[PDB]
Each structure stands twice: as structure tokens, then as C-alpha cells.
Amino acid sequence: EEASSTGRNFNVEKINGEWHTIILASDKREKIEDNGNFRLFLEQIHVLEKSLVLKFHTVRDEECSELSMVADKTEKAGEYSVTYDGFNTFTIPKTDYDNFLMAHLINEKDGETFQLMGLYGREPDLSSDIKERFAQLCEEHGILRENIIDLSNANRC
């Protein structure tokens, strides 16, 4: 079964646990390229009453560095916010809890904005079919495939 965080049947406790960044996408590609601040490798999500504790690592010159963030529920169901290189809000438009999680994020920094979409997997990679469903979701948000970067061959330290 699948759900959206904004849906009535969403069960947030079920996204708790291990995750891996499989693909990242953005309508401002530089943000997720090699030295971009948003090329974040998710490791785990800890679900709390009114927040999600997100654990990631970033890479630079082949060197990993850990980073944690706390995302707070906003006033709209299924939406969370977190301060990181500007102000961010995000939702989970689609997840099946056991294999994949697709997130949509809006960043606002210095009066600007951009969209980021992420495909996370319970294992370090996902099937080609789920990767295609992610490309379709990116298309629905006006993000071209050439702005979608598969990081499954670079998500481990």
C-alpha cells in the first residue's frame, strides 16, 4: 500500500528507520551537484511526536561528514519545515514505507527559491521501475530528467 504525507491514511511512524539517498533532483541543478549544499546522503529518520530527526552525511574530496537536522511539523498536515542553508518546507508525496520514499522540498534563501525532490530507499538502491516512477513525479513538478541525478553508485562512505 502507498501513501502521501498529506493524505488521511498516512502513518508517519512507518517511515521511521534506515534510508539511503538514491536519486536527487532539482530545478536548480547546482544545488545537488558535487559541491552543492543539498547533495545530502540520508541515513536514518527518527520519528517523534511532532518532528522528524534526520541523519545525513555529506561528501567532499572523498571525505564523509555527518550532519543532523530536526524537521518540525508545520500547520499543514504532512508538511515539515527545517532551517538548513535557508528556510525549507517539505512533504512526502509518495511512499510505500518498505521500499521507497519520495520527498518534495521547497528551499527559500536570500529572497529566492528552488524545488528539490528526493528518492530514498530502504536498501542502497531501488528497482529501475521505482526510479522511473520517480522521474514521472519529477516531470509533474516541472523538473527535467537532465536535472535528476542518480547517486546510487556514490551513497556509501
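One rule holds for the numbers: they count along the sequence shown, beginning at 1.
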Should the higher mean CA B-factor in the entry be assigned to 63-71 or to 101-109? 63-71
Taking the recorded C-alpha temperature factors, which stretch has the higher mean, 49-57 or 22-30? 49-57
Going by the CA temperature factor in the entry, name the top one among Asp129, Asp125, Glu43, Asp96. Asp129
Tell me which of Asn16, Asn147, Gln136, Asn9 tops the list for C-alpha B factor in the record. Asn9
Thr91 - Cα temperature factor, lowest/middle/highest third of chain: lowest
